[PDB]
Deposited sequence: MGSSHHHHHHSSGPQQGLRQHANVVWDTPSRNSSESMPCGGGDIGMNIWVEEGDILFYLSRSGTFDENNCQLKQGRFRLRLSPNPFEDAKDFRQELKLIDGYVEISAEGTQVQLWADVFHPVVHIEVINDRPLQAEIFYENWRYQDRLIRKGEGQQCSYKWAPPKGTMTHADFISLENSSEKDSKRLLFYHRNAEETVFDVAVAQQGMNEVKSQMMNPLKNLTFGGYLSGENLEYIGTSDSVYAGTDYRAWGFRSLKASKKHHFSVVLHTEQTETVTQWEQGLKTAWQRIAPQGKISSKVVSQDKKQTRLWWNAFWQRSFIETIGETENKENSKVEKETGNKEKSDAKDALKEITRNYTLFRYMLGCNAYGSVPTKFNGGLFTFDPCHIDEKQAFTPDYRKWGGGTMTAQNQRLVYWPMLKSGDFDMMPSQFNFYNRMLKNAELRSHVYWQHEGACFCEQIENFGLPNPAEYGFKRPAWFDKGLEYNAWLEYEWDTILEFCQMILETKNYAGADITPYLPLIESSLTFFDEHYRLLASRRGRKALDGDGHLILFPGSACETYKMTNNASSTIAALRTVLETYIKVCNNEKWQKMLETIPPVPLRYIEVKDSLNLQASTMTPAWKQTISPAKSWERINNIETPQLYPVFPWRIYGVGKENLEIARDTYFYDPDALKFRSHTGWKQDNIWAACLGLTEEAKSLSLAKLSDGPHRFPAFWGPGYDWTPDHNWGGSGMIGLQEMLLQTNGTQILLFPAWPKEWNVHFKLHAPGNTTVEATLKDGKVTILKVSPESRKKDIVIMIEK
């Protein structure tokens, strides 16, 4: 038992919008001065500058409008069935997306016959020059070449099919620019190109509609054109469909064809088969019903109000993640699929609705990982490949890097990575010395940060461990990723000295970095904990000995002493050595999470706790904002009250009307690494794994009553309840695992 989001009065602007999606599609939906407005974003729609374009904005007006000064207004997110419902006296509108097909549906049911106008609004009707600061939404960031523009869409007026909109990419894209910049033209002809000719759009369609002409205005400081359709005859029912298609094609004909094929499915002889759309609808709702059975964290005086808040928000976010199961590319951290008009976020950055900070086809690994990690314990295993394929798609490209720059095998996956496997052109350096290594970013924050891929590698393996997933398509990726660290730091040492290993026969991890925070490291704890834990884990799943050899070559995690404001405390060191500090991450707790070397029910917990409580960089960097993992670590170290405080802070209502729209923090709104991280935190307070143990309530307060169900390794599922400090229930499946449970509530 939980709660939907119910607004009983209309919304003022696009920031006061509601998420709704499914499949690879996300809509922001709201009602403003009697109009039903929805933005429509789909995963993977990257322009020639690698900006994530929204497909458009949709407007629905009824006449006489029952939403004008309406009594009994109600916009409701109907979680269980994954659809939004807007209703007022004798009218009921439903919006949903098919989970199994790229199609949005609007349904109107009126007691009396009403008239309906539907408008398709597109602000890319003509070329628009990228203004100062607008580059952040693309790969050029702060330095878009003079005369760089967002190219125009192709709208046109030709069954029930009415309107055709699409954007098409040219042959020349930021890919070709970046290939040149980083000197890989030699091997360009062997590289996957995600952007060349990439085309994406669809049909607006309905029965009982005529065209009512074009019209021009401004929505949120953004000029736009609108095409309008009006129903020939008033009617008790009205049904509109939007049908999308995405593809790289030699001609526009080829693309159109694929769109037609998708359109025919739902309109076999030109009309929208309400038989077919009923199956689609039924399927979709079952899927959502199943969705809310995979996992949950629910409740059962303002203490309870606050718990309800975070559990509610935890859930609302999970909905948002759900909207992009089966995306070809992952839910992005910086807005996801639910960006709105920038001006509501920052007036200095008031650009098109296609705008967000930190790029579109450009995705920072450290953020992306926080979106996905929580999908293991929530059982959302089928969504995670969206994230895995992103990297698998560019494995050949990331390898050709290492071939070109250092003539060795293995994939070089930079931190701020494009969808084509090279680092972001801007961060690589536009004004860089001729002599500098072509494989290295001319960058103080990013140089030698290649280790986040290993977190995704761990995710892949953990899908096997948690859900028996078939991960055969990924093994090459995992192997190539490890091969790099071995072949790189061997070669670097052999070029510098006579020995390629240290005197303990271990790898010499220099130059490295501990995330983006400690730079030019020797033997960072973060990178080590990773190689150790990935290899340990990949050994259990591969008899080959090359991997046990390499595990023996991994140096130990470095520790150190710190004085306390005497007495000395022993903590985890950032690294054996570093040159400087350029950020506010805390990679000396990466052995706590993600790699779970230290943690509850594991050795030397006192070391980790002291790192959390006394490392003065960690103290200084502690926070609940954005990606800050202090909430996670607190929980993994069994510090309730600390975890309680942070998780309260992290998951409490965001600044917009929908309460799980958090941001912008260090990123963009809706911040998804905010949600993601926050999920992780709540999850770890309840359930942790320690070998084959399942530790329940490791960092959960007695006075928080809870009913949850989370996953654990070996297709295991734990449903439990705490009430007035008693574990009143336990339902465990398979039952053989019930004896592995350890209750920790004291």
- Message: If a residue lacks a C-alpha atom here, it counts as unmodelled; so which stretches of the deposited sequence fall into that category?
- Response: 1 to 19, 178 to 182, 325 to 344, 610 to 620, 802
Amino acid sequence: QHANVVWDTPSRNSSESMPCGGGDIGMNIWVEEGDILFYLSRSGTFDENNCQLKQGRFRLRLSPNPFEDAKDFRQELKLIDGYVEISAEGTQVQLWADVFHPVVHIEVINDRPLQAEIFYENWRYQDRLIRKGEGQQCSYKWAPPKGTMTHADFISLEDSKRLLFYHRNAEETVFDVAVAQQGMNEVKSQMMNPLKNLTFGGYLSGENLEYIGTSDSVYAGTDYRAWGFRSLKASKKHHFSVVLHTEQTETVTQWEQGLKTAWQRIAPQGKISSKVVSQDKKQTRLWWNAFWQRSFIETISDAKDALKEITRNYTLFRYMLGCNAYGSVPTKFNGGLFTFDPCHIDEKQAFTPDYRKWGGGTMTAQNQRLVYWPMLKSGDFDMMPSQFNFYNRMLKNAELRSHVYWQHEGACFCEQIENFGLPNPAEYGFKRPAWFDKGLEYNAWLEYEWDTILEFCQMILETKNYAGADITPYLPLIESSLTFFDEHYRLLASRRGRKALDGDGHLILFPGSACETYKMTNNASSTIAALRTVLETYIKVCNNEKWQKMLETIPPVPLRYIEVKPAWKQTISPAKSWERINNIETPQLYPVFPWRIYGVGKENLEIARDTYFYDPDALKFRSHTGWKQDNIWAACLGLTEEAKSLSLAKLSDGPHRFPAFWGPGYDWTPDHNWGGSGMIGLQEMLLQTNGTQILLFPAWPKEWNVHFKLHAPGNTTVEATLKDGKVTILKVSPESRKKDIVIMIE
From here on, numbers count along this sequence of modelled residues.
- Task: With reference to the PDB entry, specify whether the mean Cα temperature factor is higher for 72 to 80 or for 283 to 291.
- Result: 72 to 80
- Query: Once you work out the mean C-alpha B-factor for both 204 to 212 and 477 to 485 from the entry, which is higher?
  - Reply: 204 to 212
- According to the deposited entry, which of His624, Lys377, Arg401, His245 has the largest Cα B-factor? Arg401
- Message: I'd like to know which of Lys464, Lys546, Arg580, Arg369 has the highest C-alpha temperature factor in the PDB entry.
- Response: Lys546
- Task: Determine, from the deposited record, the chain-internal third of the Cα B-factor for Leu62: lowest, middle or highest.
- Result: highest
- Message: Considering every modelled residue of the chain and its Cα B-factor in the PDB entry, is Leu40 in the lowest, middle or highest third?
- Response: lowest
- Which third of the chain holds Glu409 when residues are ordered by C-alpha B factor: lowest, middle or highest? highest
- Message: Ranking the modelled residues of this chain by C-alpha B-factor as given in the entry, is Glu32 in the lowest, middle or highest third?
- Response: highest
- Within this chain, which third does the Cα B-factor at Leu422 fall in: lowest, middle or highest? lowest
